[PDB]
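Quick reminder, even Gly has a Cβ in these numbers, built from the backbone with ideal geometry, and neighbours come from all protein chains shown. All of this is worked out from the model, or read from it or from the source named; no laboratory read-out is quoted.
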């Protein structure tokens, strides 16, 4: 019952017959869906992911200007030039200096200076495109067979999806089968956004934001960086010198903007998987094909005992564990009542027909008792167990 | 006259006699000072040097965070512990986590969790206290003797104003002496500030700002880093685990905050001299002890020549060089006239009395011609040089 | 019949259908359960306990500051540090002192000073976290066999329970057996608390209160104390000196807060056991398997005598002890009548069928006389003991 452990649990109540029940899931939340006689079904998300998204940009946030040269010409001697100015790895600026006799010229007009510097990205973001059609989904499903928690880790059923895959069927030994539609494409519309990756961290952010970044960037595998001035200061030109300086590591400013984004976690082993949080889904549940097991076994009579008392899940339910020490595969009766007379059950039972699978067996039960005080009763008979519960 | 070569130049005229004159000097700029019968003096502020600061703080802008450890305890089994928390260099944080029957406990309350990791400073900024007793103001002074531009740097006098040398005497060969008072005590407000130094760039910064930085720091002599929570962030705990992530390198953000501070350049030679950019100082000039070297001389009447023609420095003054190949102890007649008949002189000479003193002497002359059309006339008789001018 | 010894006694009565009777047992009170046709039961809550709580915090109420070191620096020579400041068992404070030539400092102004002292707890309050699942309790049961007060502790049955021993059976020789089924406690009053222990005094305290105490604390594994500044007082600096003094022993203030808490007591022999006062336990009693020992026996006729004359219990009942010196394997006829025509036993007998069993047996009888005047009567004609009793 994986749904016991997730704080955001929702309960959905259904109807009999050949019918579907609607549900919606979020990556941190779980639904228990219940229906008049079907064993109740737990459903949660497990991942939303893209596999091998395609490179779309690199954006540079630290650069080294490895060498620099200047050319300068007197005010009447025309425009200055440097052969580096036409070579793609060099950031170059043209501007006019204050020439004169003090600086080695015959005339006092404005002179011409060019400054060029060899660029090199030290560290850069990789921006990856997400094809909204290629996203992958995984759903967890369970029925309350009444298994102990030491068993959940194997009983849990994993339903894998992609945005193109159809409704899928789950098989539970004995209880039969279910089918879920999950129309994921109506939930997530992450087109017009893309994955921004940085060393050991990643985000998803809007493309129009990223294109508008005032940082130098590269259009693909190799080739020149395209807006180099966004990382290079050229000082106001002196007589024949322009000090050029790199603007320093912009990792911290870039992270500051990303703080609002939905996070992305790179898979530790299937290296090219990128798990994408926040994305929800809508699903509809074919409850009709489930069945209870063992409806026709005998009801218990043995002197049962608690393995753990009822405890408040915070979902409003009480979860409890019981054992039949020396019985056949008997049905374990349970009810909630206003008084020891117990003339009727007055509560809702999540586990619908708990059965001892073996002669020594231990079983889990969960109940949703009404408001106020009520007596939880298990083992209707002379040798009743009870716990005086309160909301 | 080095101020022919500085693009921001002001003119000041003393009432009479060189009695007492005032100026404000700013690092980019120069003042030319005139008086009715005394040689003109060029004054400018060369540098404002601060000598031998002492360290106050280092502020770390990029921490590498290592050897993370976590400990967590079941939701009603007391509170967490790590030995690493005894050590001042681990940035440990303590909180609570959702727990439940599927996550290692009998209860559904909140389990205490604590996580520690070692904060190592990869790069840090040095803040220095500035000794306001050790500020040196350097003024350059030279006369308009008529020296050619190759010689200006050997004619210039350099005067240094520490807090004690409040009045200084400029001496010139033959032209007498001039006294400068520079009011260092009212020039800057250093006491409430620190030198901030990053690698090969430095700033002078307000002390309140430097201390109110939300960024982790260490005492000048070393020891412990005091405010590590400003760079170490802890993501909200999953059931059994908490991930700690270092915030990025803040260099670009720190420089962005510094976009308003006055830059300071460290000396290549004296490893503890710091030269402030953009300072100013109020100064006063006593001209009364200057003399004009050659008022006793004869007039020229020989075949003079232009080594450099009058050229238009943007100050609106015409600068020329005349060579006097014959009569040596002689004065050059210069006038600017509205017509070649030379009926009146319409230009102030800045070189107040251009004397030759060898049979080959080359004398720079600067004239302030009137608005409209005029003739710069140098010489007498038939050997005159006459040059047309226009504002 | 130990209900006699407990002042806060309630009577509860059965109905001839033999239904379970439910009763509320509270730590100072006692209950006599009377059946219509079967012997009456003393039932009373003896203890409620936790066996070995979980150690959660020690909080310090008396402290000593065993070693003190101070460091001071001049106003323009940086900021002071100490090796102790890196070392976790030192409490530390940083501030500034007014320096000047009067204390060896060359510049007048505020100078940084820092002081550190070794914290050491002399007495700490232990706080143990209570866990409802570990609560234990004990009920005492005793039928009104008629035994001497001197024989009660030999004859009472002590019934132990825990959260999982669902029901217990009490066996009374000859009279048969009864079974109790119980809530481990109804006492939700203990929720969200700690057991607080000082030397030989203990209390139950709200978790919020205990954690918000302005006193330094540590986790039970032996950490280092987390808020030492609550007990170190730092004198304002004077030259190079700070005096640090320990704020005094807080035992009385902490006790003054604790006066409202429910008391907790520690066992003398099994020191992990804390007896938690003030609880409510609810139980059901199965009366059906009780029986009356001697209903077939002869009815007394030899002269009885009073060992203790009838006396007022304060519960409205009267108690006597009677001696049967001959013929003793025989029923003692006791009745309360309106007058010596002895028409009917207008009273209710709590000792439902007093039998003597040995040739000099002495038997206690408890009667509930009617309102108004009455005669207590025991025996048969010409041999009746009688005693006037008025409400």
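Does residue B:59 fit the bill of being touching a strand residue (DSSP E or B) at 6+ places or on another chain (Cβ under 8 Å), in a strand (DSSP E or B) and farther than 28 Å from residue B:128 by Cβ?
Here the answer is no, as residue B:59 does not meet what is asked.
Got at least one residue in segment A:277-296 being within 14 Å of chain B (Cβ to nearest Cβ) and surrounded by fewer than 20 Cβ atoms within 10 Å (Cβ to Cβ)?
yes
Quick one: would you say residue C:329 is over 30 Å from residue C:188 (Cβ atoms), outside the structural domain of residue C:180 (by TED's automatic domain parsing) and crowded, with 16+ Cβ neighbours inside 10 Å?
No; evaluated as a whole, the condition is false for this residue.
Of the residues in segment C:157-193, how many are within 14 Å of chain A (Cβ to nearest Cβ), touching a strand residue (DSSP E or B) at 6+ places or on another chain (Cβ under 8 Å) and within 30 Å of residue C:293 (Cβ to Cβ)?
Looking only at that region, the number is 9.
I'd like to verify a number: residues in segment C:98-109 that are away from every other protein chain (no Cβ under 12 Å), assigned to a strand (DSSP E or B) and surrounded by fewer than 22 Cβ atoms within 10 Å (Cβ to Cβ), how many?
Number of matching residues: 1.
Test of understanding: among C:374, C:383, which residue is over 28 Å from residue C:171 (Cβ atoms), exposed (fewer than 15 other Cβ atoms within 10 Å of the Cβ), touching a residue at least 12 places away in the same chain (Cβ under 8 Å) and not assigned by TED's automatic domain parsing to the domain that holds residue C:23?
Result: C:383 is the single residue among C:374, C:383 that is over 28 Å from residue C:171 (Cβ atoms), exposed (fewer than 15 other Cβ atoms within 10 Å of the Cβ), touching a residue at least 12 places away in the same chain (Cβ under 8 Å) and not assigned by TED's automatic domain parsing to the domain that holds residue C:23.
Inspect all residues belonging to segment A:241-261 and state whether any of them is more than 36 Å from the chain's Cα centre (by Cα) and closer than 30 Å to residue A:385 by Cα.
no
Tell me yes or no: at least one residue of segment C:227-238 is touching a strand residue (DSSP E or B) at 6+ places or on another chain (Cβ under 6 Å), in a loop (DSSP other than H, G, I, E, B) and more than 24 Å from residue B:71 (Cβ to Cβ).
Scanning segment C:227-238, I find at least one residue that is touching a strand residue (DSSP E or B) at 6+ places or on another chain (Cβ under 6 Å), in a loop (DSSP other than H, G, I, E, B) and more than 24 Å from residue B:71 (Cβ to Cβ), so the answer is yes.
Taking residue B:211, is it within 12 Å of another protein chain (Cβ to nearest Cβ), surrounded by 15 or more Cβ atoms within 10 Å (Cβ to Cβ) and farther than 30 Å from residue B:104 by Cβ?
no
When you look at residue A:39, is it buried (at least 18 other Cβ atoms within 10 Å of the Cβ), within 14 Å of chain B (Cβ to nearest Cβ) and not in a strand (DSSP E or B), yes or no?
Judged against the criteria, residue A:39 is not a match.
Looking only at segment A:194-208, filter to residues that are within 14 Å of chain B (Cβ to nearest Cβ) and surrounded by fewer than 13 Cβ atoms within 10 Å (Cβ to Cβ); which one of those is nearest to residue A:59 (Cα to Cα)?
Step by step, filter segment A:194-208, then rank; the result is A:199.
Would you pick out the residues in segment B:214-226 that are farther than 27 Å from residue B:114 by Cα and either touching a residue at least 12 places away in the same chain (Cβ under 8 Å) or in contact with a strand residue (DSSP E or B) (Cβ under 7 Å, 6 or more places away or on another chain) (or both)?
B:219, B:220, B:221
Could you please let me know if residue A:126 is in a strand (DSSP E or B) and under 30 Å from residue A:216 (Cβ atoms)?
In short, yes.
If you go through segment B:239-279, how many residues are in contact with a strand residue (DSSP E or B) (Cβ under 7 Å, 6 or more places away or on another chain) and either outside the structural domain of residue B:119 (by TED's automatic domain parsing) or more than 30 Å from residue C:93 (Cβ to Cβ) (or both)?
Result for segment B:239-279: 23.
Can you work out which of the residues in segment B:101-124 that are in contact with a helix residue (DSSP H, G or I) (Cβ under 7 Å, 6 or more places away or on another chain) and touching a residue at least 60 places away in the same chain (Cβ under 8 Å) is farthest from residue A:310 (Cα to Cα)?
The selected residue is B:119.
Can you tell me which residue is farthest from the other protein chains (Cβ to nearest Cβ) among those in segment A:334-346 that are surrounded by fewer than 21 Cβ atoms within 10 Å (Cβ to Cβ) and closer than 23 Å to residue A:42 by Cβ?
Result: A:345.
Within segment C:300-312, can you find the residues that are surrounded by fewer than 16 Cβ atoms within 10 Å (Cβ to Cβ) and within 25 Å of residue C:5 (Cβ to Cβ)?
The answer is C:305, C:306, C:307, C:308, C:309, C:311, C:312.
In segment A:121-133, how many residues are in contact with a strand residue (DSSP E or B) (Cβ under 6 Å, 6 or more places away or on another chain) and more than 10 Å from every other protein chain (Cβ to nearest Cβ)?
Residues flagged as in contact with a strand residue (DSSP E or B) (Cβ under 6 Å, 6 or more places away or on another chain) and more than 10 Å from every other protein chain (Cβ to nearest Cβ) within segment A:121-133 amount to 9.
List the pairs whose first member sits in segment C:62-85 and is touching a residue at least 40 places away in the same chain (Cβ under 8 Å) and within 7 Å of chain B (Cβ to nearest Cβ), whose second member is surrounded by fewer than 19 Cβ atoms within 10 Å (Cβ to Cβ) and assigned to a loop (DSSP other than H, G, I, E, B), and whose Cβ atoms are under 7 Å apart, counting only residues at least 6 apart or on separate chains?
Sorted first by the residue in segment C:62-85, then by its partner, the list stays empty.
Within segment C:26-34, does at least one residue satisfy the condition of being in a strand (DSSP E or B), touching a helix residue (DSSP H, G or I) at 6+ places or on another chain (Cβ under 9 Å), more than 14 Å from every other protein chain (Cβ to nearest Cβ) and touching a residue at least 60 places away in the same chain (Cβ under 8 Å)?
Checked against the condition, which is being in a strand (DSSP E or B), touching a helix residue (DSSP H, G or I) at 6+ places or on another chain (Cβ under 9 Å), more than 14 Å from every other protein chain (Cβ to nearest Cβ) and touching a residue at least 60 places away in the same chain (Cβ under 8 Å), segment C:26-34 yields at least one hit.
Which one is farthest from residue B:214 (Cα to Cα), of the residues in segment A:239-276 that are within 12 Å of chain B (Cβ to nearest Cβ) and part of a loop (DSSP other than H, G, I, E, B)?
Step by step, filter segment A:239-276, then rank; the result is A:239.
Is there a residue being within 14 Å of chain B (Cβ to nearest Cβ) and touching a strand residue (DSSP E or B) at 6+ places or on another chain (Cβ under 9 Å) anywhere in segment C:134-156?
Yes, segment C:134-156 contains a residue that is within 14 Å of chain B (Cβ to nearest Cβ) and touching a strand residue (DSSP E or B) at 6+ places or on another chain (Cβ under 9 Å).
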